[PDB]
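S.K.: Sharing a structure below in structure tokens format, with a few things to ask.
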Amino acid sequence: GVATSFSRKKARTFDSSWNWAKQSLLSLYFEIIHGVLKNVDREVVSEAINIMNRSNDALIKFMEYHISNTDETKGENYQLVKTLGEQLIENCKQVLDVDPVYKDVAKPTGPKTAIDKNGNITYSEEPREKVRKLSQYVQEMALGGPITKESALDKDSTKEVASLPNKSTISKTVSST
Amino acid sequence: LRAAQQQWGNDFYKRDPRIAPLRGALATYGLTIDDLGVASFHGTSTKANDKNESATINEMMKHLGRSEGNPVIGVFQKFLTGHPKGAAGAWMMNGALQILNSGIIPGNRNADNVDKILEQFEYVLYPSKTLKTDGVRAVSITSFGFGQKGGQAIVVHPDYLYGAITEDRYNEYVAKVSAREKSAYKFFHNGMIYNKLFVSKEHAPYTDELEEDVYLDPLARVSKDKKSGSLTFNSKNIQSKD
Amino acid sequence: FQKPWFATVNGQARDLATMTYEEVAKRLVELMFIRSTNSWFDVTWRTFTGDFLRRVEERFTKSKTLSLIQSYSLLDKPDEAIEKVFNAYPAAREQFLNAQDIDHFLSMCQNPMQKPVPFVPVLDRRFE
Amino acid sequence: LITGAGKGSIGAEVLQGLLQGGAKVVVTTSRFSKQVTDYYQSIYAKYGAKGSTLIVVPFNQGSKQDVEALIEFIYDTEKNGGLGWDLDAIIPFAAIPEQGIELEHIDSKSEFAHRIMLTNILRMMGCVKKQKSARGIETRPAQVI
Amino acid sequence: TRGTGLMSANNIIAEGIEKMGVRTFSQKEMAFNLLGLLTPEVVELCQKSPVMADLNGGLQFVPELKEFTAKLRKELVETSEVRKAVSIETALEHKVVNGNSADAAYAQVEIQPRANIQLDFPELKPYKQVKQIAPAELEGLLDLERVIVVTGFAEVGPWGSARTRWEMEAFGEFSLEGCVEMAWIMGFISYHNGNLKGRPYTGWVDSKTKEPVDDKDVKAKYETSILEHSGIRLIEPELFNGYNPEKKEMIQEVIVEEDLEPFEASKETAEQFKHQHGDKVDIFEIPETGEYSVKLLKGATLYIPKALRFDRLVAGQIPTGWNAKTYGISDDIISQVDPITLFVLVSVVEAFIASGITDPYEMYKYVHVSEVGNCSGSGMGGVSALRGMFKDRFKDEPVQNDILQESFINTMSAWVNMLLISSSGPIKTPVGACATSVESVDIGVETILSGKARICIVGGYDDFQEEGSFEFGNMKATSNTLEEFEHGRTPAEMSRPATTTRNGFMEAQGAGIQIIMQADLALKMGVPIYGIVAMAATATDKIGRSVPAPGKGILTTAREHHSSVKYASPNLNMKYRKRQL
């Protein structure tokens, strides 16, 4: 067990985000044009975050070209990606010189055990009915339960992308609830 | 006519010092410099070569005023094959052709972390995964050898040729291909399962009596021999007035 | 002669290698099925044509799929069965027979447990 | 720093977040191999945000020499083949599973496990304390989760 | 926490626990909880006193959790087993009532894929579609005898042929068609047709075991073998005449200090030793046999084989089991020529195939025999021959008398002509080391533009061999494999262009061949057209003293005068040109 594994010469560095940005835009841009990704998928909003977090001038120029040279006549996909591009350029221009933010936008899931008529047991991660966002996940965690007492996502991602940089002011805290 | 087509369609830039031999060769088929989508790099994976290549291509694109934020997509084939010295370009060319007639730009899967120095080169993108584009229009193959050998070659998508011909001639061609493609496919599978793709010729198409006769007649062709079933020069189709 | 040269399409002499999969299947139904009685002359000939269609499907399928010809009884309406198989695999209308599918066809032609085929499929040693 | 961030683990999702948040992260792997470096490159190329660095190093928490060598590697100046970093957080999730081993069955494996999940944690904390006290770093304490 | 799926951390009973109004967490949720603890507010908090975060999700409030989880699991298990023991009874009752004939109609026929390896010709669009991409002015503008199109390409290399190489370069894995072809290339399967175990059979078999293989299985059975023996990998000594970079044979000069045990040598061999050593050797006939005795004396000169350890243990090598005989090349050729000349012949035949031309003579239906050139070339030529004339002649091993011919760089071009093409076209073999294959395409174009040839076969080829790899590792041009092992790099990840840690190039072997033609000719012959060659150029760099130092010569292919760029030239306008035509 106690054999020495570590050595300095085996350290792998990764610090070339400036390059991976442009690939990550270009992949998204072609995923949308081929229709691997749709306007309803959360995966689009994720990629936007992961692109905005990597924004610089060089990226904004690379978007400005690849979007302004897209011919929306060539199909519904090309109008979709051209609308989402313009949004994404505006978002990256705002958050240029802002700090990069860990924001999850995935679908919170709950366990689901199904026994069929034959008796085969299947597990699945079904989207929770009540909680659909991390913002609602927090509120659920706040309220606890009866036992703990003592004595635009999924419909229009393009809109949800627009609302990423706009720091939403918490009117009243979830602590108070 | 041909010389007239040459002077305007083909070789309009061979004297003009305001047109770069790269710009011209793309402009011939009504492509701007912004249409060179992919650059196939030598990319040996040596300290010196990879930085000097990237600097070169970045300076070509920057001089020819390729639009900001429109970098060529570098493809480094040699991560997979290794560098076979003299055959290196001829692999890259094959790769370029495959890229053109697929729209797929492969990704350097060993590009763990692109060297920080290469950031200074705006016009060069170093992808680490295959990208299925909506089409490439032109590919730049660049090599650098020992002894200051330095090459480049552009390769333009074949569909910009068919522009140049009429509907009738196109249609004749498409027919003739679809027929050859089928014959070739046949000959390929036959060859592969009976180990006879390669068939060394035992004879020249001409007999040693006709050798000189065939060399000296510029319009001498081969015609299907009825007995042997091969292609051979007949003595009636050499210095033939017809 | 009573056994025509199989690889004919529209009275033009060809070979097995220069015929498409469609053109083979049609020529099987042309020679081995009867129009007047609207029934396969033999039973083993129906089987031989099915075994050729399931070979086609094998050659042009991309993954493990369920054969359109589940039972050879469906061939009792042959032109529909052809249309249905070459609509699933429209590539086989234009591609010529693979050299493997020529060798499998000629190995089926010399099946001992079937009525001989009514055609000469090749000129070689076994032409006699 | 974060140990026990293998694929399909809590660590991995923590790492994702950190990179996405611009953190400079030194992740460790027990089973260093092509497949693992290729995965971590994929992660960083997806998520890794501007001014985020990811260092993947092979590392057997169950060895005392490896712990000391790692912490020396993080703190050594770049000129001495280190990183010359001052850790802000340490997340030692490294573990090995034990199952069906009640009191009477405690043997080699259980003692080794204990050495990864306790003793060597205390050694890392130690080594971090010794490198931070060596360079008189007093106002940049390393949060241990 | 809910790790992966089903079994892991009892995910199946997780929903059960949630019923009691406790929360179980996905990894992403529990990761969000932990990252909360690095937010400024908790950090500055943790700096004052220790912080005990509880992310338990209220599970601490369930009494006797152990037996309560065990209970839930027991109810899922006993409900799954009861519904299995009822479904198996109902199945049996069906099978007894309906026998094996009503329950035989439920069994469908599965089709299993065959490999249908396509030649991958370029797809031609309908005329309306191809008319839209080019400017409308182009029609009748170009001299289609001055437009060089690529009509056919192939290669032979670490990943097999162009086809397979592409699949590996694009999709990181083989299809069915790839796996088959790679198998067939590497010999893992031959094709049988006739009697097998008496019974008639048609299709692939294993080559070793003569066992029937089906196409669906060829991936499962030989993927690992194929991936392990293909590409960049450890040098195999079989493929290079027992060359082992671990034990690289040298010799070493010693002065003999004490007489040697006299030994047997034929008259000629003895007299050869006598002419070499002079006084330092004593020869004596042995009357009985007529065979001579040789004795080395003090002060003589002897060569002791040693053995060195070279540190370049990895190289991109043609797949183990590649064999010219497979493609149909005869043994009388394979014996006679350098292995490089096999890679070239197989590249040329396979490039013609890809071009649609099966019988090269077909090309002389449309052109004169003086019009099909071979502008291909090599950087280093037949290095197996050179080793066979410089080392294996010096060591009086039996080498063919015509080794010199085989060594010459142009010979591979010649051997194509002699076996396949039988042209009388221009024959220009360029030597440009790494750039050769591009210098070739440059020559080819110019040869066709000049009018001397209507078709040229361009490309490069180089073999890899002991003496090359050793001299590349001395210059420090190649990667040092012991440095890469210290860095944990497996072979497969030692060629890493544009990366930070690149230190040296992986050396490989094989050929690439293209067929270039005039567009007009190509259209007339009806050969596929994989692209136009818009431009090819070479360029030397500048005055220096480091031959391997790459320069910025090629930059000259973008020279243009920008002093008068105020009003765009009418020459760059396609309507203008078309009008003037």
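Swiss-Prot numbering applies to chain E: residues 872-1452, in that order.
For all residues, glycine too, the Cβ spot is worked out from N, Cα and C.
This is the feature table in Swiss-Prot:
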type	residues	note
MOD_RES	E:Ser958	phosphoserine
ACT_SITE	E:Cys1305	active site, for beta-ketoacyl synthase activity
MOD_RES	E:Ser1440	phosphoserine
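Looking at the shown structure, what environment does each listed feature sit in?
M.R.: Around E:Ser958 (phosphoserine), no same-chain residue at least 6 positions away in sequence has a Cβ under 8 Å from its Cβ.
All protein chains included, E:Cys1305 (active site, for beta-ketoacyl synthase activity) registers 30 other Cβ atoms within 10 Å of its own Cβ. Secondary structure at E:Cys1305 (active site, for beta-ketoacyl synthase activity), taken from DSSP and collapsed to helix, strand or coil, is helix.
For E:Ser1440 (phosphoserine), no same-chain residue that is 6 or more apart in sequence has a Cβ closer than 8 Å to its Cβ.
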S.K.: Which of E:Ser958, E:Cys1305, E:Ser1440 (recorded positions) reach within a Cβ distance of under 8 Å of chain A?
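M.R.: Sorted by position along the sequence, the hits are E:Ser958.
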S.K.: Filter the recorded positions E:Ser958, E:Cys1305, E:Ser1440: retain a residue only if its CB is under 8 A from a CB of chain B. Output in sequence order; output 'none' if empty.
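M.R.: Only E:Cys1305, E:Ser1440 pass the 8 Å Cβ test.
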S.K.: Translate the DSSP assignment of E:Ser958 (phosphoserine) into the three-state scheme.
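M.R.: DSSP call for E:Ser958 (phosphoserine): helix.
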